[PDB]
Amino acid sequence: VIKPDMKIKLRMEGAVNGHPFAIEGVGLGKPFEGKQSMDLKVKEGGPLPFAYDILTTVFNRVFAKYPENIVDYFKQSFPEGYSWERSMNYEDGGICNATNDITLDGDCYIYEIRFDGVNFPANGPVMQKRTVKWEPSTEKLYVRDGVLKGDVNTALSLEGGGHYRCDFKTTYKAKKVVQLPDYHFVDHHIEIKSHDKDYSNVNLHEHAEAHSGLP
Amino acid sequence: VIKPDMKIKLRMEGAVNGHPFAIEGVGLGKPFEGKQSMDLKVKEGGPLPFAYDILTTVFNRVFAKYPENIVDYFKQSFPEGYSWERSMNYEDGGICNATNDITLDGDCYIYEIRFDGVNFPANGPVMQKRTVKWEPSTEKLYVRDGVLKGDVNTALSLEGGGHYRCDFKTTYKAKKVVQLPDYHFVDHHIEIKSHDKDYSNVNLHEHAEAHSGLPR
Amino acid sequence: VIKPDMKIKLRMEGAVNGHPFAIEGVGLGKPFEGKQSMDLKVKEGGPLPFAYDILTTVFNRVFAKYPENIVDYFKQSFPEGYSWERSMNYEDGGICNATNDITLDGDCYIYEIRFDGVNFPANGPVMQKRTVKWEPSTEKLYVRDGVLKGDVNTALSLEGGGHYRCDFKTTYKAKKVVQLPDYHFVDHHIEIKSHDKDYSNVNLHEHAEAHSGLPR
Amino acid sequence: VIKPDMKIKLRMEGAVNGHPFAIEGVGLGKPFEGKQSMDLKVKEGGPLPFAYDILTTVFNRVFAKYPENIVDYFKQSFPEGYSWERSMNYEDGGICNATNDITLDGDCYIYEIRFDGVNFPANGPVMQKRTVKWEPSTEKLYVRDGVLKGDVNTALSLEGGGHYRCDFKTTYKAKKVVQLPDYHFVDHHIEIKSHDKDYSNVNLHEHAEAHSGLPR
């Protein structure tokens, strides 16, 4: 059911500071190597007046290399799939809520994504597009109330140097009951490899691997 | 432009824990008395699987009695109108983002509302519908970056007694430049006066008054 | 047990960003009128390198005017007294934890106070002494697990204009069993009425009154 | 200045929910291997009425294995030493502020530690001593305003299963000017290896290693 090489299909509908937009994407990846890439196209609301970086971690933990000694919640959840919900709380009060309902059709994951950001100040690095990239990160995953939670405090590096912090709170929900993992981590590194001037086209990559921390 | 008796017409589109819904409303109010009421009807996604109370403060600070000695940001903002953005962060990690774009057509305010809540635990008072009402509240308003901010830490009373807290952070953006007020407060009291069994129909009231705190 | 005119004696021991200090105070107040004042003297760690204002709300809800229909948790607690704990979470990450153990000797309240703030940025308004005063506030009080909680989102006005926001979280613990009140509010207004240049001497006032929100 | 085998001596003075206590410790470690251990003995305020685990991460990032390609803020700071401040914000509102002033005497680091926790609910896992251990963690470290910051969201495992979250926010301050590192991480694993019944004696270990994230 999960192949060494899978495809990605997605559409995001959303708004930032009340201004709506829509983006579609097509991609591919290797679930067992924890690598994926995709091409994203702004379909409505362009040119986006906010930093594209706030969207990229919304554009699937099945693309993560899990060692055998860590129960894999995400690969278990297919073919039925899973959904996830997330709050991304930035240190200047800007907050983005996002959801992704992930289904599987043949060799293609299909994402239905909603994205809603509020309270980004006009002079902040998001509305002024002063972000460079997400730093690499280490997400902490743990079970609560029969579902899987993922917490990570990460940051975006800024143009003049320095960092703009964001607290992630994700809830992962398999559509069918699967074996629940113990406390573990997922190392991430997400990168915009290329983009045109107004980010109408974005080539996005992510590399992720699970581990259990220092012994 | 601001008349003693005004109407309200609205539509909210949104989702809670990824499940979409839509609600429409009609109402009326007296902006100079700070009172309003409305009838709300679920149009899509019913019956709502979550506590209706999380929606009610999203269903307009123009309906607030402002004394003469306190600058009224909201009544100034019309006829053009204003918009607002808000995050409502509950103490168990449930978080709701909402926007309202408010325009004026004759004597009727028109609301275009988006509402998105996530991370409400299945065990929680929201998803299990254990909330009774919002307590009265006192919102704090202050200027930042040429717009008006509103912060308030309030709570919902629960079925078994006790309270479930929520931190509101609102940003108010007048569509054209208006005079900015000093630090002040707005007392709120919102109540569902009636509803049918699954809250497909809700009659909602709010009373709000601005003041400058002690003294008096 | 609580006479119309009472006295205040206190000692605060504490630290800010690892720098220790100590302050003593003597004062007086009217519990039923909700008013108090005191003179405070820095004994150790002077001259204080941080904004004095972060200390002032730590320098007793017995000094709050309670209406007859709102149960008074604090006046009930004496002669035995009560204690409280508080986190004050400022918007730039500076955090002050404080405790006050309040006893009664004759007509004098005695406070034993601890205060510890960390992570105040060197360039912030606290370490650069850019605060003007606390705005008036409205605290929300409610019962949790048999004790009394107090939440308030308030702010300090800044020298260059604007406000520096702070979230208060207080737990009030009566030393004896008392009647618990319903959800209610206390309006505050604390003011430094006078001070010398480096705040070695400070005359501090507070006015507070409880209420149940709208209406009136 | 930093030798492969060094000693540790510390004293912590502090309070939890307003109840004061004191602990002293002697230990040893290998700064270049990122490993340390110590024996801690409660001197005042025993038996401790709260979960000992909230103290353990307060009981020195010089004990972290830094690869050659990541600037070592902490080893640079000696012989003068450094200080740090930290807030530990637990998900149920319990908050601990802590400071450590670290000096060097010969081959022995000397810690002067203050620790203050407030608002831990009586029925929570801390006051009820339901914590088992800290999970391993990954701290993230970054420069701000010329000093070093460390944020990590980690958790304690609980006796009945499940986890108890805590947000760490640390500021590290070298007493002298050192070279500042880029954004990086430190993996931690702290463990109580042994303790007596009321935790009057505790044997504590920590293993820590710096890295720059994926890959490797």
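Side chains included, hydrogens not; waters and symmetry mates left out as well; all remaining heavy atoms used. Below, chains carry the letters A, B, ... as their sequence lines are ordered, and counting in each starts from 1.
When each of A:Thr171, A:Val118, A:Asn97 is checked for heavy-atom pairs under 4.5 Å with chain B, A:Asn97 comes out on top. For the options A:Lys173, A:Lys149, A:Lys169, A:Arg114, heavy-atom pairs under 4.5 Å to chain B are most numerous at A:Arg114. Looking only at heavy-atom pairs under 4.5 Å with chain A, the residue among B:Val147, B:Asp145, B:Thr170, B:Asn100 that has the most is B:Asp145. Heavy-atom pairs under 4.5 Å with chain A were tallied for B:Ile95, B:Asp101, B:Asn89; the largest tally goes to B:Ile95.
In this structure, no portion of A:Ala15 lies under 4.5 Å from any heavy atom of chain B. Proximity to chain B (any heavy atom under 4.5 Å) is restricted, for A:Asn123, to the side chain, taken from C-beta onward. With a 4.5 Å cut-off on non-hydrogen atoms, B:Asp116 touches chain A through its backbone and its side chain both. Residue contact with chain B, scored on non-hydrogen atoms closer than 4.5 Å, involves the backbone of A:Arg86 exclusively. Contacts between B:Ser83 and chain A at a heavy-atom distance below 4.5 Å are absent for every atom of the residue.
Between B:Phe120 and B:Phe50, the ring center distance fails the sub-6.0 Å criterion. Taking the six-membered ring wherever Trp is involved, the centroid distance between the rings of B:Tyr66 and B:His184 falls below 6.0 Å. The aromatic ring centroids of B:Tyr82 and B:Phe74 lie less than 6.0 Å from each other. The aromatic ring centres of A:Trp134 and A:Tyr52 sit 6.0 Å or more apart. Between A:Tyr111 and A:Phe59, the ring center distance fails the sub-6.0 Å criterion. Two rings, from A:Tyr73 and A:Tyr172, have their centers 6.0 Å or more apart.
Contact detail for B:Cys96 and B:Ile54: the closest heavy-atom pair is SG-CD1, 4.4 Å.
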